[PDB]
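Here the structure comes first, spelled out in structure tokens, and everything after it is commentary.
Chains as they are written, first to last, in the UniProt record's numbering: chain Z, 578 to 721; chain G, 578 to 780.
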């Protein structure tokens, strides 16, 4: 059949810091959404790279807001909202993503980056995180 | 025939600070885009000019973000991010480029500029970058390799996820091109950049 046309994504066993495994429904079937964020010094800013969809622009913000309101719950920096600059990124760097489903992944990715505690990809993330933290149900759960 | 209309792509010999060779496939095939960036002083600000689409905008942002968390890994200044003005220029200002397959090329350019160590223009680059540094594969790499070979480039840098792509590469092209395989940019940034700087950085 010639050279392979696609590269399946595997679960990297070793815990990666600042990255969290995620699941997202898609018409091309099922795929491993990967959420990676950085904790770099700065004056306080949030950027949403990876050609993210407008829908993820408020789910990620709500997750970061929960972490901001729970900074001492998990040893997060007391004043990271003026020092740490948020750079959310999700590959493919140029793929049309949409839907706040499995938004918790971003929350967990940001928590891992902030607290320097790596998140295992042997466990996958699903569900939308509210401002209070309540995880509302989503759709297309079986494929993800 | 008449006057010279176009000019062939030439592999520049002397390594220049703040420059990086690149390969961008076009309707007429891949092209040796000479990525030019700047590290002029000032406040924190990013400039993306040369009809740079968003697919390249977040690519450059991701590369710069990776470099921000890897300061001492490549010798960048410890306080650059607040005090750097980055102006990613791509030839030609008229050409509306598209696609994030030049993530390594733009990253190489900014890396060479920040470290003041000229990158190897004699080598061609291709592949996007993430925040972990893993270089994702691309689509349509044979045209990029073809353009690099025709323009006088004899060394290529390719992501370590693209080994399956080399069998479709043209034969007489492939022997004349040494193929460096990299899992992450942490291998590109010492194979390309000179081990010493030439001109002092911005303080």
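Note that the Cβ used here is the ideal one computed from N, Cα and C, for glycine as well.
1) Hey, how far is the Cα of residue 741 of chain G from the Cα of residue 759 of chain G?
2) When DSSP labels each residue in this structure, what does residue 683 of chain Z get in the three-state scheme?
3) Check whether the Cβ atoms of residue 701 of chain Z and residue 600 of chain Z lie closer than 9 Å to each other.
4) Taking DSSP's pairing of strands, which residues face residue 607 of chain G in a bridge?
5) Against residue 613 of chain Z, what residues of chain G qualify as contacts under a CB-to-CB distance less than 7 Å, listed in chain order?
6) Are the CB atoms of residue 617 of chain Z and residue 661 of chain Z within a distance shorter than 9 Å?
7) Mind checking whether residue 738 of chain G and residue 714 of chain G have CB atoms under 9 Å apart?
8) Between residue 699 of chain Z and the ligand MG, is there a pair consisting of the residue's CB and a ligand heavy atom that are separated by less than 8 Å?
9) Taking the alpha carbon of residue 696 of chain G as the reference point, which residue from G/591, G/587, G/664 has its own alpha carbon closest?
10) So, at 7 Å on beta carbons, what are the nonlocal neighbours of residue 685 of chain Z in its own chain, with the 5 sequence-adjacent residues on each side left out?
11) My output table needs one value for residue 633 of chain Z: the three-state DSSP class, helix, strand or coil.
12) For the segment 623-652 of chain G, enumerate the residues whose C-beta is nearer than 8 Å to any C-beta of chain Z, in chain order.
13) With respect to the beta strand (DSSP E) encompassing residue 664 of chain G, which residues constitute its N-terminal and C-terminal limits?
14) Is it buried or exposed for residue 646 of chain Z, if we count other Cβ within 10 angstroms and need 16 for buried?
15) So with CB distances below 7 Å, who are the chain G contacts of residue 580 of chain Z?
16) Can you grab the Cα-Cα spacing for the pair residue 721 of chain G / residue 608 of chain G, in whole Å?
17) In angstroms, rounded to a whole number, what distance separates the CA positions of residue 709 of chain Z and residue 623 of chain Z?
18) If you follow the beta strand (DSSP E) that residue 623 of chain G is in, where does it begin and where does it stop?
19) From the DSSP output, in three-state form, read off residue 688 of chain Z for me.
20) Count the CB pairs spanning the segment 648-663 of chain G and the segment 650-658 of chain Z that are closer than 8 Å, and state whether there are at least three.
21) Apart from the five residues on each side of it in sequence, which residues of its chain come closer than 7 Å, Cβ to Cβ, to residue 736 of chain G?
22) Any idea what DSSP makes of residue 639 of chain Z, helix, strand or coil?
23) With residue 766 of chain G as the anchor, note down where its alpha helix (DSSP H) starts and where it stops.
24) For residue 618 of chain Z, list the residues DSSP reports as bridge partners.
25) Can you tell me which of the three DSSP states residue 590 of chain G falls into?
26) Assign residue 768 of chain G to one of two classes, buried (16 or more other C-beta atoms within 10 Å of its C-beta) or exposed (fewer than that).
27) Does residue 714 of chain G get closer than 9 Å to chain Z when you measure Cβ to Cβ?
28) Any C-beta of chain Z sitting closer than 9 Å to the C-beta of residue 662 of chain G?
29) Roughly how many angstroms lie between the CA atoms of residue 746 of chain G and residue 682 of chain G, to the nearest whole one?
30) Whose CA, out of G/659, G/717, G/588, G/706, lies closest to the CA of residue 604 of chain G?
31) Do residue 719 of chain G and residue 754 of chain G have their C-beta atoms within less than 9 Å of each other?
32) In the structure shown, what three-state DSSP assignment does residue 720 of chain G receive?
33) Taking any Cβ of chain Z, which residues in the segment 665-685 of chain G have a Cβ under 8 Å from it, in chain order?
Let me spell this out:
1) Between residue 741 of chain G and residue 759 of chain G, the C-alpha separation is close to 14 Å.
2) Helix at residue 683 of chain Z.
3) Yes, they are a contact pair.
4) According to DSSP, residue 607 of chain G bridges with G/602.
5) Within chain G, the residues near residue 613 of chain Z are 707, 708, 709.
6) Judged by their CB atoms, residue 661 of chain Z and residue 617 of chain Z are nearer to each other than the 9 Å cut-off.
7) Yes.
8) This structure does not include the ligand MG; it has no bound ligands of any sort.
9) Of the listed residues, the one whose Cα sits closest to residue 696 of chain G is G/591.
10) Annotation for residue 685 of chain Z: 597, 696, 702 place their beta carbon closer than 7 Å to its own, counting only its chain and skipping 5 residues before and after.
11) It is helical.
12) Cβ contacts with chain Z: 631, 632, 635, 636, 638, 639, 642, 643, 645, 646.
13) Looking at the DSSP string, the run of the beta strand (DSSP E) that includes residue 664 of chain G is 662-665.
14) So residue 646 of chain Z ends up on the exposed side.
15) Close partners of residue 580 of chain Z in chain G (Cβ separation under 7 Å): 741, 742, 744, 745.
16) Spanning the two alpha carbons is a distance of roughly 7 Å.
17) If I take the Cα positions, the gap works out to 21 Å.
18) Boundaries of the beta strand (DSSP E) harbouring residue 623 of chain G: 622-625, taken from the DSSP string.
19) Under the three-state reduction of DSSP output, residue 688 of chain Z falls in the helix class.
20) Contact between the segment 648-663 of chain G and the segment 650-658 of chain Z is absent: fewer than 3 CB-CB pairs across the two stretches fall below 8 Å.
21) Shown here for residue 736 of chain G: same chain residues with a beta carbon closer than 7 Å to its own, the five before and five after excluded, namely 704, 712, 713, 714, 759 in chain order.
22) Of the three classes helix, strand and coil, the one that applies to residue 639 of chain Z here is helix, per DSSP.
23) Annotation: the continuous alpha helix (DSSP H) that includes residue 766 of chain G extends over 762-768.
24) Residue 618 of chain Z is bridged to Z/661.
25) Of the three classes helix, strand and coil, the one that applies to residue 590 of chain G here is coil, per DSSP.
26) Classification for residue 768 of chain G: exposed.
27) Flagged as an interface residue toward chain Z: residue 714 of chain G, by a C-beta distance shorter than 9 Å.
28) Against chain Z, the CB of residue 662 of chain G has no partner CB under 9 Å away; the residue lies outside that interface.
29) Between residue 746 of chain G and residue 682 of chain G, the alpha-carbon positions lie close to 21 Å from each other.
30) Measuring from the Cα of residue 604 of chain G, the nearest candidate turns out to be G/717.
31) Cβ atoms of residue 719 of chain G and residue 754 of chain G: not closer than 9 Å.
32) Three-state result, residue 720 of chain G: helix.
33) The segment 665-685 of chain G vs chain Z, Cβ under 8 Å: 676, 677, 680.
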